[PDB]
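Data file: run_27.json. Format and content: JSON, C-alpha atoms.
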```json
[["chain", "number", "residue", "atom", "x", "y", "z"],
["A", 1, "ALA", "CA", 230.17, 98.43, 10.41],
["A", 2, "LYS", "CA", 232.43, 98.80, 13.48],
["A", 3, "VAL", "CA", 231.24, 96.57, 16.33],
["A", 4, "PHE", "CA", 228.45, 94.50, 14.73],
["A", 5, "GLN", "CA", 227.54, 93.45, 11.21],
["A", 6, "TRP", "CA", 224.24, 95.32, 11.64],
["A", 7, "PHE", "CA", 223.04, 97.94, 14.10],
["A", 8, "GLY", "CA", 219.97, 100.07, 13.51],
["A", 9, "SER", "CA", 216.28, 100.65, 14.15],
["A", 10, "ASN", "CA", 212.79, 99.53, 13.38],
["A", 11, "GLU", "CA", 210.82, 102.03, 11.26],
["A", 12, "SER", "CA", 207.27, 101.42, 12.45],
["A", 13, "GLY", "CA", 203.99, 102.87, 11.20],
["A", 14, "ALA", "CA", 202.80, 100.93, 8.15],
["A", 15, "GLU", "CA", 201.44, 98.19, 10.44],
["A", 16, "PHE", "CA", 199.62, 100.60, 12.75],
["A", 17, "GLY", "CA", 195.92, 100.20, 13.42],
["A", 18, "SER", "CA", 195.85, 96.47, 12.63],
["A", 19, "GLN", "CA", 192.18, 96.21, 13.63],
["A", 20, "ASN", "CA", 191.34, 98.27, 10.51],
["A", 21, "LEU", "CA", 191.86, 96.33, 7.25],
["A", 22, "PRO", "CA", 192.52, 97.58, 4.67],
["A", 23, "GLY", "CA", 192.56, 100.79, 6.73],
["A", 24, "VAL", "CA", 193.35, 104.20, 5.29],
["A", 25, "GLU", "CA", 196.86, 105.56, 4.73],
["A", 26, "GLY", "CA", 197.38, 108.80, 6.67],
["A", 27, "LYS", "CA", 194.61, 107.84, 9.12],
["A", 28, "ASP", "CA", 195.23, 104.27, 10.37],
["A", 29, "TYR", "CA", 198.85, 103.87, 9.26],
["A", 30, "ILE", "CA", 201.78, 105.76, 7.71],
["A", 31, "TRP", "CA", 205.07, 104.83, 6.04],
["A", 32, "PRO", "CA", 208.51, 105.85, 7.37],
["A", 33, "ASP", "CA", 210.00, 109.25, 6.58],
["A", 34, "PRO", "CA", 213.06, 108.93, 4.32],
["A", 35, "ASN", "CA", 214.44, 112.19, 5.70],
["A", 36, "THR", "CA", 214.61, 110.94, 9.27],
["A", 37, "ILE", "CA", 216.00, 107.58, 8.10],
["A", 38, "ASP", "CA", 218.82, 109.60, 6.49],
["A", 39, "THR", "CA", 219.51, 111.26, 9.85],
["A", 40, "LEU", "CA", 219.79, 107.85, 11.51],
["A", 41, "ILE", "CA", 222.07, 106.67, 8.68],
["A", 42, "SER", "CA", 224.26, 109.70, 9.32],
["A", 43, "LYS", "CA", 224.55, 108.60, 12.96],
["A", 44, "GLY", "CA", 225.95, 105.27, 11.73],
["A", 45, "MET", "CA", 222.92, 102.98, 11.63],
["A", 46, "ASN", "CA", 223.03, 100.51, 8.75],
["A", 47, "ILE", "CA", 219.84, 98.42, 9.06],
["A", 48, "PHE", "CA", 216.19, 99.52, 9.12],
["A", 49, "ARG", "CA", 213.37, 97.06, 9.74],
["A", 50, "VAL", "CA", 210.05, 97.96, 8.10],
["A", 51, "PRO", "CA", 206.90, 96.37, 9.56],
["A", 52, "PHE", "CA", 203.86, 96.11, 7.33],
["A", 53, "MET", "CA", 200.63, 94.08, 7.34],
["A", 54, "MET", "CA", 200.36, 91.02, 5.07],
["A", 55, "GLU", "CA", 196.67, 91.80, 4.48],
["A", 56, "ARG", "CA", 197.41, 95.37, 3.35],
["A", 57, "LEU", "CA", 200.12, 94.18, 0.95],
["A", 58, "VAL", "CA", 198.24, 91.11, -0.39],
["A", 59, "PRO", "CA", 194.53, 91.46, 0.47],
["A", 60, "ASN", "CA", 191.88, 88.74, 0.79],
["A", 61, "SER", "CA", 194.06, 85.72, 0.07],
["A", 62, "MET", "CA", 197.79, 85.50, 0.61],
["A", 63, "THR", "CA", 198.11, 83.74, -2.77],
["A", 64, "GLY", "CA", 196.63, 86.78, -4.58],
["A", 65, "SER", "CA", 198.06, 89.87, -6.22],
["A", 66, "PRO", "CA", 199.45, 92.81, -4.25],
["A", 67, "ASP", "CA", 197.58, 95.97, -3.50],
["A", 68, "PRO", "CA", 199.26, 98.49, -5.84],
["A", 69, "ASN", "CA", 199.21, 101.50, -3.52],
["A", 70, "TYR", "CA", 200.55, 99.77, -0.39],
["A", 71, "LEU", "CA", 203.14, 97.88, -2.43],
["A", 72, "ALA", "CA", 204.27, 101.13, -4.09],
["A", 73, "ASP", "CA", 204.98, 102.63, -0.65],
["A", 74, "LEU", "CA", 206.82, 99.52, 0.55],
["A", 75, "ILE", "CA", 208.98, 99.70, -2.58],
["A", 76, "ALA", "CA", 209.66, 103.42, -2.04],
["A", 77, "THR", "CA", 210.64, 102.86, 1.61],
["A", 78, "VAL", "CA", 212.97, 99.96, 0.76],
["A", 79, "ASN", "CA", 214.65, 101.94, -2.00],
["A", 80, "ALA", "CA", 215.13, 104.97, 0.25],
["A", 81, "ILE", "CA", 217.01, 102.77, 2.73],
["A", 82, "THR", "CA", 219.01, 100.68, 0.29],
["A", 83, "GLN", "CA", 219.95, 103.35, -2.28],
["A", 84, "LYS", "CA", 222.24, 104.76, 0.43],
["A", 85, "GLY", "CA", 223.88, 101.40, 1.11],
["A", 86, "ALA", "CA", 221.98, 100.38, 4.29],
["A", 87, "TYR", "CA", 219.97, 97.15, 4.71],
["A", 88, "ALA", "CA", 216.15, 97.12, 4.67],
["A", 89, "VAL", "CA", 214.31, 94.33, 6.50],
["A", 90, "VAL", "CA", 210.94, 93.52, 4.91],
["A", 91, "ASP", "CA", 208.83, 92.47, 7.95],
["A", 92, "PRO", "CA", 205.27, 91.12, 7.60],
["A", 93, "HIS", "CA", 204.33, 92.08, 11.13],
["A", 94, "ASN", "CA", 201.73, 89.37, 11.40],
["A", 95, "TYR", "CA", 202.30, 87.12, 14.43],
["A", 96, "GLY", "CA", 201.93, 83.97, 12.34],
["A", 97, "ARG", "CA", 198.32, 85.02, 11.53],
["A", 98, "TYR", "CA", 196.44, 86.30, 8.48],
["A", 99, "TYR", "CA", 193.03, 87.93, 8.99],
["A", 100, "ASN", "CA", 193.53, 87.03, 12.67],
["A", 101, "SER", "CA", 193.70, 83.25, 12.05],
["A", 102, "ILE", "CA", 196.83, 81.10, 12.29],
["A", 103, "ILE", "CA", 198.52, 80.59, 8.93],
["A", 104, "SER", "CA", 198.02, 76.84, 8.64],
["A", 105, "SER", "CA", 199.01, 76.36, 4.96],
["A", 106, "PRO", "CA", 202.76, 76.35, 4.30],
["A", 107, "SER", "CA", 202.03, 76.17, 0.57],
["A", 108, "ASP", "CA", 199.94, 79.35, 0.69],
["A", 109, "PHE", "CA", 202.64, 81.08, 2.76],
["A", 110, "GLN", "CA", 205.27, 79.99, 0.24],
["A", 111, "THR", "CA", 203.24, 81.60, -2.56],
["A", 112, "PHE", "CA", 202.96, 84.83, -0.55],
["A", 113, "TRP", "CA", 206.72, 84.80, -0.12],
["A", 114, "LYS", "CA", 207.44, 84.18, -3.79],
["A", 115, "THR", "CA", 205.19, 87.16, -4.56],
["A", 116, "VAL", "CA", 207.03, 89.43, -2.11],
["A", 117, "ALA", "CA", 210.54, 88.23, -2.89],
["A", 118, "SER", "CA", 209.94, 88.72, -6.63],
["A", 119, "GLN", "CA", 209.59, 92.46, -5.98],
["A", 120, "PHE", "CA", 213.04, 92.62, -4.40],
["A", 121, "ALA", "CA", 214.98, 89.72, -5.92],
["A", 122, "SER", "CA", 217.78, 91.78, -7.45],
["A", 123, "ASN", "CA", 218.43, 93.92, -4.35],
["A", 124, "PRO", "CA", 221.13, 92.33, -2.16],
["A", 125, "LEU", "CA", 220.53, 94.88, 0.64],
["A", 126, "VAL", "CA", 216.96, 93.65, 1.25],
["A", 127, "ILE", "CA", 216.57, 91.19, 4.14],
["A", 128, "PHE", "CA", 213.42, 89.08, 4.24],
["A", 129, "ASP", "CA", 211.90, 88.41, 7.66],
["A", 130, "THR", "CA", 209.54, 85.47, 7.53],
["A", 131, "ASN", "CA", 207.00, 86.89, 10.00],
["A", 132, "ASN", "CA", 207.09, 88.92, 13.21],
["A", 133, "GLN", "CA", 206.67, 86.97, 16.47],
["A", 134, "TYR", "CA", 204.99, 83.63, 15.87],
["A", 135, "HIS", "CA", 203.22, 82.73, 19.10],
["A", 136, "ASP", "CA", 200.65, 80.44, 20.66],
["A", 137, "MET", "CA", 200.62, 78.02, 17.74],
["A", 138, "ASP", "CA", 201.98, 74.58, 16.83],
["A", 139, "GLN", "CA", 205.77, 74.29, 17.10],
["A", 140, "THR", "CA", 206.17, 72.09, 14.00],
["A", 141, "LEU", "CA", 203.99, 74.52, 12.04],
["A", 142, "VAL", "CA", 206.31, 77.39, 12.97],
["A", 143, "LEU", "CA", 209.26, 75.41, 11.62],
["A", 144, "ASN", "CA", 207.36, 74.54, 8.45],
["A", 145, "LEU", "CA", 206.24, 78.16, 7.85],
["A", 146, "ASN", "CA", 209.81, 79.41, 8.16],
["A", 147, "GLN", "CA", 210.98, 76.72, 5.70],
["A", 148, "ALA", "CA", 208.17, 77.50, 3.28],
["A", 149, "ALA", "CA", 209.14, 81.19, 3.35],
["A", 150, "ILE", "CA", 212.77, 80.33, 2.59],
["A", 151, "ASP", "CA", 211.73, 78.03, -0.27],
["A", 152, "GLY", "CA", 209.46, 80.73, -1.75],
["A", 153, "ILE", "CA", 212.11, 83.45, -1.46],
["A", 154, "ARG", "CA", 214.82, 81.38, -3.12],
["A", 155, "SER", "CA", 212.41, 80.12, -5.81],
["A", 156, "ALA", "CA", 211.91, 83.77, -6.87],
["A", 157, "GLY", "CA", 215.63, 84.08, -7.60],
["A", 158, "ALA", "CA", 216.19, 86.17, -4.45],
["A", 159, "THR", "CA", 219.37, 84.27, -3.57],
["A", 160, "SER", "CA", 221.77, 86.99, -2.39],
["A", 161, "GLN", "CA", 219.70, 88.20, 0.54],
["A", 162, "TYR", "CA", 219.77, 87.19, 4.18],
["A", 163, "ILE", "CA", 216.61, 85.67, 5.60],
["A", 164, "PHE", "CA", 215.67, 86.42, 9.20],
["A", 165, "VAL", "CA", 213.72, 83.46, 10.65],
["A", 166, "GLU", "CA", 211.63, 83.88, 13.80],
["A", 167, "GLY", "CA", 210.60, 81.37, 16.43],
["A", 168, "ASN", "CA", 207.57, 80.69, 18.63],
["A", 169, "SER", "CA", 207.05, 82.32, 22.05],
["A", 170, "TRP", "CA", 207.06, 85.73, 20.34],
["A", 171, "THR", "CA", 210.61, 84.89, 19.15],
["A", 172, "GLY", "CA", 211.87, 85.87, 22.63],
["A", 173, "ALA", "CA", 215.55, 85.31, 23.34],
["A", 174, "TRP", "CA", 214.89, 84.49, 27.00],
["A", 175, "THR", "CA", 212.43, 81.72, 26.07],
["A", 176, "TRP", "CA", 214.23, 80.40, 22.99],
["A", 177, "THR", "CA", 215.84, 77.23, 24.32],
["A", 178, "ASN", "CA", 212.69, 76.20, 26.14],
["A", 179, "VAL", "CA", 210.54, 76.01, 22.96],
["A", 180, "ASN", "CA", 212.42, 76.64, 19.71],
["A", 181, "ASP", "CA", 215.07, 73.89, 19.50],
["A", 182, "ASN", "CA", 213.40, 72.40, 16.40],
["A", 183, "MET", "CA", 214.30, 75.57, 14.49],
["A", 184, "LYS", "CA", 217.86, 74.30, 14.14],
["A", 185, "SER", "CA", 216.78, 72.13, 11.18],
["A", 186, "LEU", "CA", 215.95, 74.98, 8.76],
["A", 187, "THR", "CA", 217.81, 74.72, 5.44],
["A", 188, "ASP", "CA", 218.76, 77.38, 2.90],
["A", 189, "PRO", "CA", 220.74, 76.76, -0.30],
["A", 190, "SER", "CA", 222.23, 80.26, 0.02],
["A", 191, "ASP", "CA", 223.38, 79.57, 3.61],
["A", 192, "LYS", "CA", 222.12, 82.98, 4.79],
["A", 193, "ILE", "CA", 219.67, 82.19, 7.61],
["A", 194, "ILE", "CA", 219.89, 84.48, 10.65],
["A", 195, "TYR", "CA", 217.86, 83.60, 13.74],
["A", 196, "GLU", "CA", 216.05, 86.76, 14.83],
["A", 197, "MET", "CA", 215.13, 87.01, 18.47],
["A", 198, "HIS", "CA", 213.55, 89.84, 20.42],
["A", 199, "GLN", "CA", 214.19, 90.96, 23.99],
["A", 200, "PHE", "CA", 212.77, 93.51, 26.38],
["A", 201, "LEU", "CA", 213.93, 94.42, 29.86],
["A", 202, "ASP", "CA", 210.71, 95.03, 31.83],
["A", 203, "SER", "CA", 209.41, 92.50, 34.35],
["A", 204, "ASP", "CA", 207.21, 90.45, 32.01],
["A", 205, "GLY", "CA", 209.29, 91.06, 28.89],
["A", 206, "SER", "CA", 206.39, 92.74, 27.07],
["A", 207, "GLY", "CA", 208.24, 95.95, 26.23],
["A", 208, "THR", "CA", 205.42, 98.11, 27.57],
["A", 209, "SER", "CA", 207.08, 99.70, 30.63],
["A", 210, "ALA", "CA", 210.03, 102.09, 30.81],
["A", 211, "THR", "CA", 211.16, 100.37, 34.04],
["A", 212, "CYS", "CA", 213.85, 97.68, 33.69],
["A", 213, "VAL", "CA", 214.12, 94.79, 36.18],
["A", 214, "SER", "CA", 217.78, 95.52, 36.96],
["A", 215, "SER", "CA", 221.00, 96.85, 35.48],
["A", 216, "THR", "CA", 221.94, 93.34, 34.22],
["A", 217, "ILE", "CA", 218.60, 91.94, 33.03],
["A", 218, "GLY", "CA", 219.33, 92.22, 29.28],
["A", 219, "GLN", "CA", 222.63, 90.39, 29.35],
["A", 220, "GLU", "CA", 221.00, 87.78, 31.61],
["A", 221, "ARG", "CA", 218.06, 87.20, 29.28],
["A", 222, "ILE", "CA", 220.25, 86.44, 26.23],
["A", 223, "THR", "CA", 222.86, 84.05, 27.69],
["A", 224, "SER", "CA", 221.09, 80.77, 26.98],
["A", 225, "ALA", "CA", 220.15, 81.90, 23.44],
["A", 226, "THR", "CA", 223.80, 82.75, 22.83],
["A", 227, "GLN", "CA", 224.88, 79.26, 23.91],
["A", 228, "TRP", "CA", 222.16, 77.66, 21.74],
["A", 229, "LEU", "CA", 223.30, 79.52, 18.64],
["A", 230, "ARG", "CA", 226.91, 78.55, 19.28],
["A", 231, "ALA", "CA", 226.15, 74.88, 20.00],
["A", 232, "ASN", "CA", 224.09, 74.58, 16.83],
["A", 233, "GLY", "CA", 226.45, 76.55, 14.58],
["A", 234, "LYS", "CA", 223.92, 79.33, 13.89],
["A", 235, "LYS", "CA", 223.97, 83.12, 13.69],
["A", 236, "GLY", "CA", 221.44, 85.40, 15.40],
["A", 237, "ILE", "CA", 220.28, 89.01, 15.53],
["A", 238, "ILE", "CA", 218.25, 90.90, 18.13],
["A", 239, "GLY", "CA", 215.55, 92.34, 15.89],
["A", 240, "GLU", "CA", 213.53, 94.22, 18.54],
["A", 241, "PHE", "CA", 214.78, 95.58, 21.88],
["A", 242, "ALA", "CA", 214.39, 98.70, 24.01],
["A", 243, "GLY", "CA", 214.60, 100.10, 27.52],
["A", 244, "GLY", "CA", 213.38, 103.28, 29.15],
["A", 245, "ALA", "CA", 215.33, 106.53, 29.30],
["A", 246, "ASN", "CA", 216.66, 106.06, 32.84],
["A", 247, "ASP", "CA", 219.92, 105.03, 34.45],
["A", 248, "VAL", "CA", 219.01, 101.40, 35.25],
["A", 249, "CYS", "CA", 217.79, 100.68, 31.71],
["A", 250, "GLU", "CA", 220.70, 102.54, 30.12],
["A", 251, "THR", "CA", 223.10, 100.34, 32.08],
["A", 252, "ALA", "CA", 221.14, 97.21, 31.15],
["A", 253, "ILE", "CA", 221.22, 98.18, 27.46],
["A", 254, "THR", "CA", 225.00, 98.77, 27.51],
["A", 255, "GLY", "CA", 225.63, 95.55, 29.42],
["A", 256, "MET", "CA", 223.56, 93.54, 26.95],
["A", 257, "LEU", "CA", 225.30, 95.03, 23.91],
["A", 258, "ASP", "CA", 228.75, 94.65, 25.54],
["A", 259, "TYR", "CA", 227.99, 90.96, 26.07],
["A", 260, "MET", "CA", 226.84, 90.57, 22.44],
["A", 261, "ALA", "CA", 230.04, 92.37, 21.34],
["A", 262, "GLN", "CA", 232.14, 89.61, 22.98],
["A", 263, "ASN", "CA", 230.03, 86.95, 21.28],
["A", 264, "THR", "CA", 230.05, 88.11, 17.65],
["A", 265, "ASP", "CA", 230.80, 84.55, 16.52],
["A", 266, "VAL", "CA", 227.03, 84.21, 16.94],
["A", 267, "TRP", "CA", 225.57, 87.75, 17.24],
["A", 268, "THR", "CA", 225.31, 89.81, 14.05],
["A", 269, "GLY", "CA", 223.86, 92.86, 15.78],
["A", 270, "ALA", "CA", 220.73, 94.50, 17.07],
["A", 271, "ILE", "CA", 217.76, 96.60, 15.99],
["A", 272, "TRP", "CA", 216.11, 99.11, 18.34],
["A", 273, "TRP", "CA", 212.31, 99.29, 18.75],
["A", 274, "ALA", "CA", 211.43, 101.79, 17.36],
["A", 275, "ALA", "CA", 211.56, 104.85, 15.15],
["A", 276, "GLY", "CA", 208.78, 105.96, 12.83],
["A", 277, "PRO", "CA", 206.73, 109.12, 12.38],
["A", 278, "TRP", "CA", 203.66, 108.45, 14.55],
["A", 279, "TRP", "CA", 205.18, 107.66, 17.94],
["A", 280, "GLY", "CA", 204.95, 111.12, 19.57],
["A", 281, "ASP", "CA", 205.87, 110.86, 23.25],
["A", 282, "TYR", "CA", 206.35, 107.02, 23.09],
["A", 283, "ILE", "CA", 208.76, 105.86, 25.79],
["A", 284, "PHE", "CA", 211.02, 104.10, 23.21],
["A", 285, "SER", "CA", 210.83, 106.51, 20.27],
["A", 286, "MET", "CA", 214.06, 106.64, 18.26],
["A", 287, "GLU", "CA", 212.52, 109.10, 15.73],
["A", 288, "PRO", "CA", 214.70, 112.18, 15.05],
["A", 289, "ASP", "CA", 214.83, 114.84, 16.20],
["A", 290, "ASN", "CA", 212.66, 114.71, 19.35],
["A", 291, "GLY", "CA", 211.92, 111.07, 20.24],
["A", 292, "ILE", "CA", 212.91, 110.34, 23.84],
["A", 293, "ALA", "CA", 215.20, 107.44, 22.86],
["A", 294, "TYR", "CA", 216.71, 109.49, 20.04],
["A", 295, "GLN", "CA", 217.61, 112.20, 22.58],
["A", 296, "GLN", "CA", 218.52, 110.12, 25.64],
["A", 297, "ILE", "CA", 219.40, 106.57, 24.44],
["A", 298, "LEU", "CA", 221.15, 107.18, 21.13],
["A", 299, "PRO", "CA", 224.17, 108.79, 22.93],
["A", 300, "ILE", "CA", 224.80, 105.49, 24.79],
["A", 301, "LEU", "CA", 224.61, 103.53, 21.51],
["A", 302, "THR", "CA", 227.18, 105.59, 19.57],
["A", 303, "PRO", "CA", 230.00, 103.27, 20.81],
["A", 304, "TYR", "CA", 228.50, 100.49, 18.65],
["A", 305, "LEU", "CA", 228.17, 102.63, 15.52]]
```
Once more with this new file: its structure as structure tokens, please.
Amino acid sequence: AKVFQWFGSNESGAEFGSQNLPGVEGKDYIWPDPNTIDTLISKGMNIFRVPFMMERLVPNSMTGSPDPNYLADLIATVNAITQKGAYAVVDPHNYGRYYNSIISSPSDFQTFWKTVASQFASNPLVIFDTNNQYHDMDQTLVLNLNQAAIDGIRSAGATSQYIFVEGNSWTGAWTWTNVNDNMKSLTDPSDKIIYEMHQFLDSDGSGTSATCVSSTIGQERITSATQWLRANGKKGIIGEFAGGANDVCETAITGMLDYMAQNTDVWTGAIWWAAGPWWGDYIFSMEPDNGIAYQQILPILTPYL
């Protein structure tokens, strides 16, 4: 694995067009291309995070049965990643919400997670990610949803796999200590919780501009999260990060990762946002062979692979 336990990319597309449910495959959304994943594997990446919509995988009620077609494509994508030996993160890219309403039933969420984990229980290279970027919702609820997900996953017999938990405030690293302290209390009989945090480098942290605040902004924005993980005996991962293809952002990216590399007692690695087949000229596209980050950023990341 060289520098970090995990270093890789998001593989985005199956969650596209979230205003259109169920939406239409090939029109509103698309699954990752196994051939370009293989290229990224060949460059040394060993983790691929796969966003999908909860409502497309389990329509109508989260306690119901899966949609066969969307599930079949999730299964195929996971197997393409893991058959080679890399890790696949199963990411319900749902912001703590289901049909655009806050998930307020931990029991219902636990049933959803038993359903999903049952599909992958024997695969130790699957990582379950409780939900992408909880935000603007009750802090105790976020804790309880993460715990319910863990309980559902382990109840399915999926005991070998790591579980990525996410906090409130869009799971931002720079905001973590201000809001997410209660997340320290999560329990897991397999002792494989990783605290996933996200971090962008533009002024407001939204990850929507190619301009970075400064050449040190990434390393600055993760220092207090690093100390929190260490003080509480936890492990973390950066599950979503990017910067534009310019000198300032390239320096900020390297400085962030160099800082994480001297703090591997807590940091397990990082996952770029994003590859996937429908990004075109996106400022952060890691998609081989022509994404701008694949061409201009990947060369600066090779030291960590």
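Between residue 207 of chain A and the residues A:50, A:102, A:158, A:274, the shortest atom-to-atom distance, using only C-alpha atoms, involves A:274.
Proximity to residue 45 of chain A was assessed for A:249, A:74, A:88, A:225 counting all atoms listed in the file; the smallest distance is recorded for A:88.
When all atoms listed in the file are used to compute distances to residue 219 of chain A, the closest of the residues A:73, A:258, A:250, A:11 turns out to be A:258.
Closest approach to residue 259 of chain A from the set A:70, A:195, A:95, A:4 is made by A:4, with distances taken over only C-alpha atoms.
Picture a line from atom CA of residue 291 of chain A to atom CA of residue 8 of chain A; it runs 15.2 Å.
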Quick one: everything within 12 Å of residue 167 of chain A, counting all atoms listed in the file, minus sequence neighbours fewer than 2 positions away in the same chain. Send it as JSON, numbers by chain. {"A": [95, 96, 129, 130, 131, 132, 133, 134, 135, 136, 137, 138, 139, 140, 141, 142, 143, 144, 145, 146, 147, 164, 165, 169, 170, 171, 172, 173, 174, 175, 176, 177, 178, 179, 180, 181, 182, 183, 184, 186, 194, 195, 196, 197, 198, 225, 236]}
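Counting only C-alpha atoms, the residue from A:118, A:42, A:36, A:10 that sits nearest to residue 302 of chain A is A:42.
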Please measure the separation of atom CA of residue 38 of chain A and atom CA of residue 86 of chain A, giving the value in Å to one decimal. 10.0 Å
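Minimum atom-to-atom distances from A:253, A:163, A:248, A:41 to residue 300 of chain A were compared using only C-alpha atoms, and the lowest value belongs to A:253.
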Find the residues around residue 218 of chain A up to 7 Å (all atoms listed in the file counted), leave out those fewer than 6 positions away in its own chain, and share them as an MDAnalysis selection string. chainID A and resid 201 252:253 256
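Between atom CA of residue 35 of chain A and atom CA of residue 13 of chain A lies a distance of 15.0 Å.
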Excluding segment 29-34 of chain A and residues on its chain fewer than 3 positions from it, collect all residues at most 9 Å away from it, counting only C-alpha atoms, and give them as a PyMOL selection string. chain A and resi 11-18+23-26+37-39+50+52+73-74+77+80-81+275-278
Can you pull out the residues contacting residue 57 of chain A? Cut-off 12 Å, using only C-alpha atoms, and skip same-chain residues under 6 positions away; I want them as a count of residues only. 30
